[PDB]
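One structure below.
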Amino acid sequence: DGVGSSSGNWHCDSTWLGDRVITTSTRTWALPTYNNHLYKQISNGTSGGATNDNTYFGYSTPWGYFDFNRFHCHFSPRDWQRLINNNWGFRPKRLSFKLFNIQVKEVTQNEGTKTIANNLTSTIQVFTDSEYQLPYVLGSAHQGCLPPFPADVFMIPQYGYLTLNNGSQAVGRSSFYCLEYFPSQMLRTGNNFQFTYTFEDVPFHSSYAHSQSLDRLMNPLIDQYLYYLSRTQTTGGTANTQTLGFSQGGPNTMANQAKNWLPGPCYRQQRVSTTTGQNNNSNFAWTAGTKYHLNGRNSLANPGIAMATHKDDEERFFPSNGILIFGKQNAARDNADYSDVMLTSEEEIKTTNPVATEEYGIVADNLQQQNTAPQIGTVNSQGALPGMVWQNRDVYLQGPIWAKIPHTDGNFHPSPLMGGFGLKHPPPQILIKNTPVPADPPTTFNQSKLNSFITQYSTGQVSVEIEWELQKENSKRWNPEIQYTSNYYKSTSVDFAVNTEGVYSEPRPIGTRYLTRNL
Amino acid sequence: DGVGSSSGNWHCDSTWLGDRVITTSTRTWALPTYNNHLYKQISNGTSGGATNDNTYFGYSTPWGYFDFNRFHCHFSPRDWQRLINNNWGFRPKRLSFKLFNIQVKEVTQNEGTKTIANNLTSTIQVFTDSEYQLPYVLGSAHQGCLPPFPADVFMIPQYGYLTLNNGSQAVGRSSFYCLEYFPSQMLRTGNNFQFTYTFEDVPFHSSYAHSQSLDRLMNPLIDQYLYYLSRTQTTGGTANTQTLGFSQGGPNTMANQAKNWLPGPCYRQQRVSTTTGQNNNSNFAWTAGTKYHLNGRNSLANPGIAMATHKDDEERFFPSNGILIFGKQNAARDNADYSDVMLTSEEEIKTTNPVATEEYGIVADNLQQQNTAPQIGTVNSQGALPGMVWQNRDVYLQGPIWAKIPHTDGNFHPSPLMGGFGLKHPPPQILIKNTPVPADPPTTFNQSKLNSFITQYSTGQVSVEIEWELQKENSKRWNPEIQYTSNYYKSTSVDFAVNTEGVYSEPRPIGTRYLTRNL
Amino acid sequence: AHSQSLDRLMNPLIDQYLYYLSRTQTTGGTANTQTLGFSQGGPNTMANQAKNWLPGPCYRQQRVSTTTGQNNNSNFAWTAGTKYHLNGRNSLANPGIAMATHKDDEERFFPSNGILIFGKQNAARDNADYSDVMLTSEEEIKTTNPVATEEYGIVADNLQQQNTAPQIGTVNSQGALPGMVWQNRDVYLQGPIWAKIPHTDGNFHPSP
């Protein structure tokens, strides 16, 4: 461990081993000093235009953190293609993390002439929240993960967290956490850090689409032996009175046939078209948004439970806040135009899950009688019902991987709604910070805490290796399957490559469901 | 591996061991930062004056690469002389490569006063394309190899590559490669790198000239027992009619004798003289150039298949684009004058290969009859014919050594046309790069990739050792052979030495074919 | 399929150390006389650069378009067909040596008898219409093999002199040349698998 010796090598690669695939990626990072080495109470109340739905109380810390919860941090576009075109499923098994070739630099500023030099004796601090004692901030789709392109140098995100609040105030139960109250490893240039983690057992992600629908699982050539009420009134001429007629479901009455299952749960969303002219002329994104109510404040159920984005021949429609939306390279942060973002589609699950913008079904609303016509009610919100089967939201090359399952007495189908793997004990948070280096202190004692520090930042490389277990496809389907493919004809540039400017970009979102499977 | 310890020594030498010769050379190199650490899409279309024959699509990378594919990177002039004056052949067997005494420096620029200092904690990255997964750019006669003179410090070439294109656009099959997607070794000052490689089995290069020609392999004292058609018409007086006369080939009719072999293949080239006055007054270098047509675009077949540069007593003639041409020290890059370049000559193969600027031979063109005179056609393009024997192009002290044989279903006589050894698995490409070192990042998180880096370059030494197998001469020739020799009389300077200015220069191209051998 | 072409294997950022004849005549004004000028191949003159290999063999075929209106109005399938002559009788070299079906942006063109053609279900045995058959394409080999309907290249045809302008000849038939590399014809789900190599004293690249 010396000043003149590399403390790690560049490991970036992928290797396929039949039923496993191991991804390894390394990136160069930079870490500034955050908050001037201070912890600060942050808050947002109801004053000004601030609405109650956005209030909060918490703290910003001097620490940064590593995040690689994004599939493109591990899979290259080509690897993702290898994965999705040939496997019915996959999931994480274990990972390795390493920090090395650390460099702490100090920057001097005098007469606009700025100079940067090495501070060979400075240290950075690193530690993992192995016992999950800090607010788990990963799994909220935040920016700051390792870049998709290996050659890109990235800046490390600052760590902050929230606790209970009443307006802009804290309450008795509000918690304050100090990260320096954890043991942490201190490294100088020449030292390195690393750890291993094993994923808990979790279901394989379904990287397939059903080639059968719930309502079409019968034999199209045979009648049922079961009968259904088919007639309530006589038909001949005008002397029409009540009667009772029963028939057997068959090939031409599949909608009436007795079945064993029901489509998945439903919470509805308002429909919007990509052809603006077909939309109501008003600003309803929030007012007509599908939300949930929690302790006085409202939140968008975004993207909410998994539902088919649209039905047959309606690709132009989507749930106002029921799909994942990624921006194109350089899309604005606010009010970006439709042509600057990329909408995903969960159309593959029309097969078992209700369409996001329609009713779940119809139920009786009264008791019909000789003098009262039967009335029906539309169900727009439907919770778990015995017999339901459903699919979860798909995952994307540039989407999240896992999320921590909240520590609660109960939960139902703990699959993260944004997509991914729900884990009770997810990869630990890796916090990093530059140790404060005091500038010269006063020459006579003073009780006050020092607030004059040498300006500095650090840089180094980081490696993450993950082993994924694959579930091979076993189909007896005779005809070719749908596959993700690169465009065939000429183009100005190559998709998933760099600019003439050197800017890498991801042209479209790439899902995971190409191969098919029966129900 | 410390800051204060050399990590390698200067190994430059040659040792002859009967049937082997081992060359070792070390050089000092400098590596700048290329492309500002970026990958950039580069292209060339048909706009402006750009012709379709020069279109392309590809990428330039932030990486550099080591290249020693040039005989003078290993053999000193005197060693080359020892080799060519005493051996009938030679070939590479194995090699060692080493990178050491690495120094990474950072340069500060303020008020024109520039300062360079050591950055002891910086790293460079190195890796070999052992599995040949990157476009093989070596073997295209590019500049950037180790200098011939050991005392010369050189700059490392930037790596770039090409993929399919349609005009200035890419096509579906165009590939984008990221070099950071390979594992690479990271070294700080004090660390070193090295590897070993073994050349595949390959034929010895023919460092000899034939002392017999294909058409003169018979006994000049004996007749053949075989006859040939010698007369088709009577001769006496004027009553001349058709007849059939046969004769036996003999010492005075060697041109008619039955033979067993045929001269090598032929693709023709236009002839040009070094006496400009004998040349047509027009600019025909390209219009009259010998080319090949590939997917809509034309390329010069330069130098093309191996053919004798000229016939007896015509040293002033040469194929417009059928020979290797080296420049003299400091010759201009464009429109350099004849007296500034050095033309090579493959005159040694007149013996078995057709002369580059003449026909292969003559074939019948019709069916002669009592009322139709026989007609003949000139063959200017002749592919492989059973019975052909030929020699390959010679290699030069300052010429290329090997080339990678394209991975294709088929090939014919895979000897690199520019000369050298064709290898399916040639010495791997050695890529090197300076690791980006971010300047101070913003103090509050920002998603954008960093684009502000500390300016730096690296320098160090490189060693290459190659073991060559020799094929000794076994001639029973009584009279002395031709040998490469230094001039005898006085001269302003020494050939293959330095200036009064310290500039090394190679006065002429030195071939390899001096000793002779029978057919 | 190759993602690189034979004529584009160099580094697009570096010049060669090798020179080529670039000028045969002076340029300034009207007093233009013969001279000799040499230049180094580089990123903008890739067509002039010295290279190590040559495209595969070539036997030519007549070009025909799937847009009938672009075709000559005559029945040339046999008369203009590419054939081989064996003991007095002629046969179509069908499909013949492997060559790219067409060049960039010409998908409508194909060699009269230089590709495999399968019929669609129930296509007639004789005079089936274009819409009843399925043409294959060896476009993937444009990368190393000459295009089936064009020349292999150009060679000199005479000896230029002060009083004789240089002449060139087009090569439409080119046999094996040292340095050539090529790809074989592709195989198809409904195509043949193997063939017996004729028992002969010799053969060249015995790929069916």
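Every chain in the structure tokens has a letter given in the order shown (A, B, ...), and although residue numbers restart at 1 in each chain, ligands are simply numbered from 1 in the order shown.
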For this session: With a distance cut-off of 12 Å and only C-alpha atoms, select the neighbouring residues of region 68-75 of chain C, excluding the residue or stretch itself and same-chain residues fewer than 2 positions from it, and output the selection as a list in words.
Result: residues 62, 63, 64, 65, 66, 77, 78, 79, 80, 81, 108, 109, 110, 112, 129 and 130 of chain C
Exercise. If you count only C-alpha atoms, which residues fall within 8 Å of residue 354 (chain A), apart from same-chain ones fewer than 4 positions away, as a ChimeraX atom specification?
Worked result: /A:263-266,307-308,350,358-360
Give me the chain A side of the contact with chain B, cut-off 8 Å, one line per residue showing its nearest atom pair and distance in Å at one decimal, counting only C-alpha atoms, sorted by chain and residue number, as a Markdown table.
| residue | atom | partner | partner_atom | distance |
| --- | --- | --- | --- | --- |
| A:2 | CA | B:2 | CA | 7.0 |
| A:3 | CA | B:121 | CA | 6.4 |
| A:4 | CA | B:3 | CA | 4.9 |
| A:5 | CA | B:188 | CA | 5.3 |
| A:6 | CA | B:188 | CA | 5.3 |
| A:8 | CA | B:186 | CA | 7.0 |
| A:9 | CA | B:186 | CA | 5.0 |
| A:10 | CA | B:184 | CA | 5.0 |
| A:11 | CA | B:183 | CA | 4.5 |
| A:12 | CA | B:181 | CA | 5.1 |
| A:13 | CA | B:182 | CA | 5.7 |
| A:25 | CA | B:181 | CA | 7.7 |
| A:28 | CA | B:436 | CA | 7.7 |
| A:30 | CA | B:438 | CA | 6.5 |
| A:31 | CA | B:441 | CA | 7.2 |
| A:32 | CA | B:443 | CA | 5.8 |
| A:33 | CA | B:443 | CA | 6.5 |
| A:34 | CA | B:443 | CA | 6.2 |
| A:35 | CA | B:443 | CA | 8.0 |
| A:101 | CA | B:121 | CA | 7.8 |
| A:103 | CA | B:121 | CA | 6.5 |
| A:107 | CA | B:440 | CA | 7.4 |
| A:113 | CA | B:110 | CA | 6.7 |
| A:115 | CA | B:108 | CA | 7.7 |
| A:116 | CA | B:439 | CA | 7.6 |
| A:118 | CA | B:119 | CA | 7.4 |
| A:143 | CA | B:447 | CA | 6.3 |
| A:144 | CA | B:447 | CA | 6.1 |
| A:150 | CA | B:180 | CA | 5.6 |
| A:151 | CA | B:180 | CA | 6.0 |
| A:152 | CA | B:449 | CA | 6.3 |
| A:153 | CA | B:450 | CA | 5.7 |
| A:154 | CA | B:449 | CA | 5.2 |
| A:155 | CA | B:450 | CA | 7.0 |
| A:156 | CA | B:445 | CA | 7.4 |
| A:157 | CA | B:445 | CA | 5.8 |
| A:158 | CA | B:445 | CA | 6.5 |
| A:189 | CA | B:121 | CA | 7.3 |
| A:456 | CA | B:440 | CA | 7.7 |
| A:457 | CA | B:440 | CA | 6.2 |
| A:459 | CA | B:438 | CA | 7.0 |
| A:486 | CA | B:172 | CA | 6.4 |
| A:487 | CA | B:172 | CA | 5.3 |
| A:488 | CA | B:172 | CA | 4.1 |
| A:489 | CA | B:172 | CA | 5.4 |
| A:490 | CA | B:171 | CA | 3.9 |
| A:491 | CA | B:170 | CA | 5.2 |
| A:492 | CA | B:169 | CA | 4.8 |
| A:493 | CA | B:170 | CA | 5.7 |
| A:494 | CA | B:170 | CA | 6.3 |
| A:497 | CA | B:176 | CA | 6.1 |
| A:498 | CA | B:41 | CA | 6.2 |
| A:499 | CA | B:41 | CA | 5.4 |
| A:500 | CA | B:41 | CA | 4.2 |
| A:501 | CA | B:40 | CA | 5.8 |
| A:502 | CA | B:40 | CA | 4.5 |
| A:503 | CA | B:40 | CA | 7.9 |
For this session: Tell me, as a ChimeraX atom specification, which residues lie within 6 Å of region 173-182 of chain C, counting only C-alpha atoms; anything in the same chain fewer than 6 positions away does not count.
Result: /B:383-384,408,410-414 /C:53-59,144-145
Go ahead and save the residues from that selection, with C-alpha atoms, as a CSV table (one decimal), in the first residue's frame.
chain,number,residue,atom,x,y,z
B,383,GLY,CA,-5.3,-15.9,-62.0
B,384,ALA,CA,-4.0,-19.1,-60.5
B,408,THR,CA,-12.9,-15.3,-43.8
B,410,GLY,CA,-11.4,-18.6,-47.7
B,411,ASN,CA,-8.2,-17.0,-48.9
B,412,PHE,CA,-5.4,-17.8,-51.4
B,413,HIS,CA,-1.7,-17.5,-50.5
B,414,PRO,CA,-2.3,-15.3,-47.5
C,53,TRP,CA,-5.4,-8.0,-49.4
C,54,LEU,CA,-7.6,-8.3,-52.5
C,55,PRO,CA,-11.3,-9.0,-52.9
C,56,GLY,CA,-12.4,-12.5,-53.8
C,57,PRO,CA,-12.7,-14.1,-57.3
C,58,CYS,CA,-15.2,-12.8,-59.9
C,59,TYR,CA,-17.2,-14.4,-62.8
C,144,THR,CA,-15.1,-8.9,-49.1
C,145,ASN,CA,-16.6,-10.4,-52.3
Exercise. Region 366-375 of chain B: which residues within 12 Å, counting only C-alpha atoms, same-chain residues fewer than 3 positions away excluded, as number ranges by chain?
Worked result: B: 232-233, 241-243, 362-363, 378
Quick one: everything within 10 Å of region 198-205 of chain B, counting only C-alpha atoms, minus sequence neighbours fewer than 2 positions away in the same chain. Send it as a PDB file with N, CA and C atoms, in the first residue's frame.
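Listing of part-v8.pdb after writing:
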ATOM      1  N   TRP B  88      19.531 -17.782 -46.031  1.00  0.00           N
ATOM      2  CA  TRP B  88      18.563 -17.975 -47.098  1.00  0.00           C
ATOM      3  C   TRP B  88      17.154 -17.647 -46.628  1.00  0.00           C
ATOM      4  N   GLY B  89      16.984 -17.475 -45.323  1.00  0.00           N
ATOM      5  CA  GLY B  89      15.667 -17.166 -44.807  1.00  0.00           C
ATOM      6  C   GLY B  89      15.638 -16.947 -43.313  1.00  0.00           C
ATOM      7  N   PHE B  90      14.513 -16.449 -42.821  1.00  0.00           N
ATOM      8  CA  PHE B  90      14.349 -16.192 -41.401  1.00  0.00           C
ATOM      9  C   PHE B  90      12.873 -15.977 -41.118  1.00  0.00           C
ATOM     10  N   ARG B  91      12.506 -15.992 -39.841  1.00  0.00           N
ATOM     11  CA  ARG B  91      11.122 -15.774 -39.432  1.00  0.00           C
ATOM     12  C   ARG B  91      11.053 -15.577 -37.928  1.00  0.00           C
ATOM     13  N   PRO B  92       9.999 -14.912 -37.447  1.00  0.00           N
ATOM     14  CA  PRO B  92       9.828 -14.665 -36.014  1.00  0.00           C
ATOM     15  C   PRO B  92       9.355 -15.907 -35.252  1.00  0.00           C
ATOM     16  N   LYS B  93       9.810 -16.056 -34.010  1.00  0.00           N
ATOM     17  CA  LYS B  93       9.429 -17.203 -33.186  1.00  0.00           C
ATOM     18  C   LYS B  93       8.655 -16.793 -31.941  1.00  0.00           C
ATOM     19  N   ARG B  94       9.180 -15.829 -31.197  1.00  0.00           N
ATOM     20  CA  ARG B  94       8.502 -15.387 -29.990  1.00  0.00           C
ATOM     21  C   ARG B  94       8.946 -13.973 -29.609  1.00  0.00           C
ATOM     22  N   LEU B  95       8.184 -13.314 -28.737  1.00  0.00           N
ATOM     23  CA  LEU B  95       8.531 -11.964 -28.312  1.00  0.00           C
ATOM     24  C   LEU B  95       8.152 -11.645 -26.867  1.00  0.00           C
ATOM     25  N   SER B  96       8.818 -10.634 -26.318  1.00  0.00           N
ATOM     26  CA  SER B  96       8.567 -10.163 -24.962  1.00  0.00           C
ATOM     27  C   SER B  96       8.351  -8.678 -25.062  1.00  0.00           C
ATOM     28  N   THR B 196       4.193 -12.005 -22.813  1.00  0.00           N
ATOM     29  CA  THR B 196       4.913 -12.851 -23.742  1.00  0.00           C
ATOM     30  C   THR B 196       3.988 -13.319 -24.844  1.00  0.00           C
ATOM     31  N   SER B 207      14.947 -14.926 -48.303  1.00  0.00           N
ATOM     32  CA  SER B 207      15.964 -13.895 -48.425  1.00  0.00           C
ATOM     33  C   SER B 207      17.047 -14.368 -49.377  1.00  0.00           C
ATOM     34  N   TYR B 208      16.637 -14.643 -50.608  1.00  0.00           N
ATOM     35  CA  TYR B 208      17.540 -15.103 -51.652  1.00  0.00           C
ATOM     36  C   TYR B 208      16.919 -14.787 -53.009  1.00  0.00           C
ATOM     37  N   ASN B 392       7.222 -14.274 -53.405  1.00  0.00           N
ATOM     38  CA  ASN B 392       6.458 -13.196 -52.784  1.00  0.00           C
ATOM     39  C   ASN B 392       7.282 -11.925 -52.791  1.00  0.00           C
ATOM     40  N   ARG B 393       6.650 -10.810 -52.457  1.00  0.00           N
ATOM     41  CA  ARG B 393       7.368  -9.547 -52.429  1.00  0.00           C
ATOM     42  C   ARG B 393       8.426  -9.607 -51.333  1.00  0.00           C
ATOM     43  N   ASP B 394       9.550  -8.943 -51.557  1.00  0.00           N
ATOM     44  CA  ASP B 394      10.632  -8.925 -50.585  1.00  0.00           C
ATOM     45  C   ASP B 394      10.251  -8.049 -49.383  1.00  0.00           C
ATOM     46  N   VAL B 395      11.012  -8.136 -48.294  1.00  0.00           N
ATOM     47  CA  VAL B 395      10.758  -7.297 -47.121  1.00  0.00           C
ATOM     48  C   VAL B 395      11.928  -6.334 -47.010  1.00  0.00           C
ATOM     49  N   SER B 415      -0.035 -14.427 -47.952  1.00  0.00           N
ATOM     50  CA  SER B 415       1.158 -13.606 -47.715  1.00  0.00           C
ATOM     51  C   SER B 415       0.726 -12.135 -47.893  1.00  0.00           C
ATOM     52  N   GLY B 419       4.138  -7.125 -48.150  1.00  0.00           N
ATOM     53  CA  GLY B 419       5.318  -7.880 -47.770  1.00  0.00           C
ATOM     54  C   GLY B 419       5.272  -8.293 -46.312  1.00  0.00           C
ATOM     55  N   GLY B 420       5.855  -9.448 -46.000  1.00  0.00           N
ATOM     56  CA  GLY B 420       5.873  -9.910 -44.624  1.00  0.00           C
ATOM     57  C   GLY B 420       5.251 -11.263 -44.337  1.00  0.00           C
ATOM     58  N   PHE B 421       4.929 -11.474 -43.065  1.00  0.00           N
ATOM     59  CA  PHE B 421       4.337 -12.719 -42.615  1.00  0.00           C
ATOM     60  C   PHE B 421       2.854 -12.574 -42.313  1.00  0.00           C
ATOM     61  N   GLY B 422       2.047 -13.440 -42.911  1.00  0.00           N
ATOM     62  CA  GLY B 422       0.620 -13.401 -42.661  1.00  0.00           C
ATOM     63  C   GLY B 422       0.328 -14.307 -41.485  1.00  0.00           C
ATOM     64  N   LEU B 423      -0.304 -13.760 -40.452  1.00  0.00           N
ATOM     65  CA  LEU B 423      -0.609 -14.526 -39.252  1.00  0.00           C
ATOM     66  C   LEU B 423      -2.094 -14.498 -38.896  1.00  0.00           C
ATOM     67  N   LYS B 424      -2.650 -15.653 -38.538  1.00  0.00           N
ATOM     68  CA  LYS B 424      -4.052 -15.720 -38.142  1.00  0.00           C
ATOM     69  C   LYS B 424      -4.194 -15.090 -36.764  1.00  0.00           C
ATOM     70  N   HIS B 425      -3.171 -15.265 -35.931  1.00  0.00           N
ATOM     71  CA  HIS B 425      -3.157 -14.716 -34.576  1.00  0.00           C
ATOM     72  C   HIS B 425      -1.846 -13.974 -34.400  1.00  0.00           C
ATOM     73  N   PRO B 426      -1.773 -12.739 -34.907  1.00  0.00           N
ATOM     74  CA  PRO B 426      -0.575 -11.905 -34.827  1.00  0.00           C
ATOM     75  C   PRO B 426      -0.341 -11.306 -33.452  1.00  0.00           C
ATOM     76  N   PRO B 427       0.799 -10.626 -33.270  1.00  0.00           N
ATOM     77  CA  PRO B 427       1.066 -10.014 -31.970  1.00  0.00           C
ATOM     78  C   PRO B 427      -0.161  -9.178 -31.636  1.00  0.00           C
ATOM     79  N   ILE B 466      12.562  -9.872 -29.616  1.00  0.00           N
ATOM     80  CA  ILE B 466      12.058 -10.865 -30.546  1.00  0.00           C
ATOM     81  C   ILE B 466      13.143 -11.868 -30.890  1.00  0.00           C
ATOM     82  N   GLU B 467      12.757 -13.136 -30.921  1.00  0.00           N
ATOM     83  CA  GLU B 467      13.673 -14.210 -31.249  1.00  0.00           C
ATOM     84  C   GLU B 467      13.373 -14.613 -32.678  1.00  0.00           C
ATOM     85  N   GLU B 469      14.309 -17.123 -36.031  1.00  0.00           N
ATOM     86  CA  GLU B 469      14.951 -18.361 -36.432  1.00  0.00           C
ATOM     87  C   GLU B 469      15.574 -18.142 -37.801  1.00  0.00           C
ATOM     88  N   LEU B 470      16.812 -18.581 -37.966  1.00  0.00           N
ATOM     89  CA  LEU B 470      17.507 -18.413 -39.230  1.00  0.00           C
ATOM     90  C   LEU B 470      17.565 -19.704 -40.011  1.00  0.00           C
ATOM     91  N   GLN B 471      17.666 -19.574 -41.325  1.00  0.00           N
ATOM     92  CA  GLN B 471      17.791 -20.719 -42.207  1.00  0.00           C
ATOM     93  C   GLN B 471      19.112 -20.479 -42.916  1.00  0.00           C
ATOM     94  N   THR B 512      16.413  -7.827 -49.032  1.00  0.00           N
ATOM     95  CA  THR B 512      16.836  -9.018 -48.331  1.00  0.00           C
ATOM     96  C   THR B 512      17.424 -10.099 -49.232  1.00  0.00           C
TER      97      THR B 512
END
For this session: Report as JSON, numbers by chain the set of chain C residues whose atoms approach chain B to within 6 Å, with distances computed over only C-alpha atoms.
Result: {"C": [3, 4, 10, 11, 12, 15, 16, 17, 18, 19, 21, 22, 23, 24, 25, 33, 34, 35, 37, 38, 39, 40, 45, 46, 47, 48, 50, 52, 103, 142, 146, 152, 153, 154, 155, 156, 161, 162, 175, 176, 177, 178, 179, 180, 181, 182, 183]}
For this session: Please report, as a PyMOL selection string, each residue of region 232-471 of chain A to which DSSP assigns helix (DSSP H, G or I) when run on this structure's backbone.
Result: chain A and resi 276-278+338-340+347-349
Just-selected residues, N, CA, C and O atoms written as a PDB file, in the first residue's frame:
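Result file follows (selection.pdb):
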ATOM      1  N   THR A 276     -52.005  15.257 -29.132  1.00  0.00           N
ATOM      2  CA  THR A 276     -52.593  16.306 -28.304  1.00  0.00           C
ATOM      3  C   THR A 276     -53.998  16.760 -28.688  1.00  0.00           C
ATOM      4  O   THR A 276     -54.814  17.062 -27.814  1.00  0.00           O
ATOM      5  N   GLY A 277     -54.284  16.793 -29.986  1.00  0.00           N
ATOM      6  CA  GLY A 277     -55.607  17.226 -30.461  1.00  0.00           C
ATOM      7  C   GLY A 277     -56.749  16.364 -29.905  1.00  0.00           C
ATOM      8  O   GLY A 277     -57.896  16.817 -29.874  1.00  0.00           O
ATOM      9  N   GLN A 278     -56.462  15.136 -29.482  1.00  0.00           N
ATOM     10  CA  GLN A 278     -57.508  14.260 -28.969  1.00  0.00           C
ATOM     11  C   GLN A 278     -57.724  14.431 -27.463  1.00  0.00           C
ATOM     12  O   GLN A 278     -58.612  13.807 -26.891  1.00  0.00           O
ATOM     13  N   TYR A 338     -42.746  16.221 -25.402  1.00  0.00           N
ATOM     14  CA  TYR A 338     -42.979  14.817 -25.680  1.00  0.00           C
ATOM     15  C   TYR A 338     -41.869  14.191 -26.520  1.00  0.00           C
ATOM     16  O   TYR A 338     -41.467  13.054 -26.280  1.00  0.00           O
ATOM     17  N   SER A 339     -41.382  14.923 -27.513  1.00  0.00           N
ATOM     18  CA  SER A 339     -40.322  14.399 -28.369  1.00  0.00           C
ATOM     19  C   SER A 339     -38.957  14.340 -27.667  1.00  0.00           C
ATOM     20  O   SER A 339     -37.970  13.918 -28.269  1.00  0.00           O
ATOM     21  N   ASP A 340     -38.900  14.764 -26.403  1.00  0.00           N
ATOM     22  CA  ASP A 340     -37.642  14.743 -25.649  1.00  0.00           C
ATOM     23  C   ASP A 340     -37.611  13.657 -24.588  1.00  0.00           C
ATOM     24  O   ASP A 340     -36.605  13.480 -23.903  1.00  0.00           O
ATOM     25  N   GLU A 347     -47.759  -2.976 -22.365  1.00  0.00           N
ATOM     26  CA  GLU A 347     -48.758  -3.578 -23.225  1.00  0.00           C
ATOM     27  C   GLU A 347     -48.716  -5.113 -23.215  1.00  0.00           C
ATOM     28  O   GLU A 347     -49.728  -5.768 -23.458  1.00  0.00           O
ATOM     29  N   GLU A 348     -47.550  -5.678 -22.906  1.00  0.00           N
ATOM     30  CA  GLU A 348     -47.363  -7.133 -22.875  1.00  0.00           C
ATOM     31  C   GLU A 348     -48.222  -7.871 -21.852  1.00  0.00           C
ATOM     32  O   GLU A 348     -48.403  -9.086 -21.944  1.00  0.00           O
ATOM     33  N   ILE A 349     -48.761  -7.153 -20.877  1.00  0.00           N
ATOM     34  CA  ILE A 349     -49.561  -7.820 -19.873  1.00  0.00           C
ATOM     35  C   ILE A 349     -51.080  -7.712 -20.037  1.00  0.00           C
ATOM     36  O   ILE A 349     -51.814  -8.086 -19.121  1.00  0.00           O
TER      37      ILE A 349
END
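You will find CA of residue 87 (chain B) at 7.5 Å from CA of residue 515 (chain B).
Coordinates place CA of residue 397 (chain A) at a distance of 5.1 Å from CA of residue 71 (chain A).
As for CA of residue 244 (chain A) and CA of residue 226 (chain A), they are spaced 15.8 Å apart.
Closest approach to residue 132 (chain B) among B:428, B:317, B:509, B:376: B:428, based on only C-alpha atoms.
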Would you mind listing what lies within 8 Å of residue 262 (chain A) as a PDB file with N, CA, C and O atoms, in the first residue's frame, with only C-alpha atoms counted and same-chain residues fewer than 3 positions away left out?
ATOM      1  N   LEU A 214     -55.978 -14.890 -20.261  1.00  0.00           N
ATOM      2  CA  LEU A 214     -56.820 -15.518 -19.246  1.00  0.00           C
ATOM      3  C   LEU A 214     -58.194 -15.954 -19.734  1.00  0.00           C
ATOM      4  O   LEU A 214     -58.689 -17.015 -19.356  1.00  0.00           O
ATOM      5  N   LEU A 385     -58.692 -10.421  -5.081  1.00  0.00           N
ATOM      6  CA  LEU A 385     -59.860 -11.288  -5.074  1.00  0.00           C
ATOM      7  C   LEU A 385     -59.367 -12.721  -5.271  1.00  0.00           C
ATOM      8  O   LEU A 385     -58.486 -12.971  -6.093  1.00  0.00           O
ATOM      9  N   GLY A 387     -58.544 -16.049  -6.726  1.00  0.00           N
ATOM     10  CA  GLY A 387     -58.600 -16.485  -8.110  1.00  0.00           C
ATOM     11  C   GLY A 387     -57.857 -15.581  -9.076  1.00  0.00           C
ATOM     12  O   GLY A 387     -57.705 -15.913 -10.247  1.00  0.00           O
ATOM     13  N   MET A 388     -57.393 -14.434  -8.594  1.00  0.00           N
ATOM     14  CA  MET A 388     -56.666 -13.502  -9.444  1.00  0.00           C
ATOM     15  C   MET A 388     -55.246 -13.953  -9.740  1.00  0.00           C
ATOM     16  O   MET A 388     -54.588 -14.562  -8.901  1.00  0.00           O
ATOM     17  N   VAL A 389     -54.783 -13.639 -10.942  1.00  0.00           N
ATOM     18  CA  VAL A 389     -53.421 -13.931 -11.352  1.00  0.00           C
ATOM     19  C   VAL A 389     -52.991 -12.655 -12.057  1.00  0.00           C
ATOM     20  O   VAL A 389     -53.816 -11.978 -12.657  1.00  0.00           O
TER      21      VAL A 389
END
For this session: Using DSSP on the backbone coordinates, identify the residues of region 13-104 of chain C assigned to strand (DSSP E or B); present them as a ChimeraX atom specification.
Result: /C:16,18-25,34-40,54,58-59,63-65,83-86,89-92,100
Problem set entry | Near-residue 514 (chain A) list (9 Å; only C-alpha atoms; drop same-chain fewer than 4 positions) as an NGL selection string | :A and (84-86 or 88 or 207-209 or 481-484)
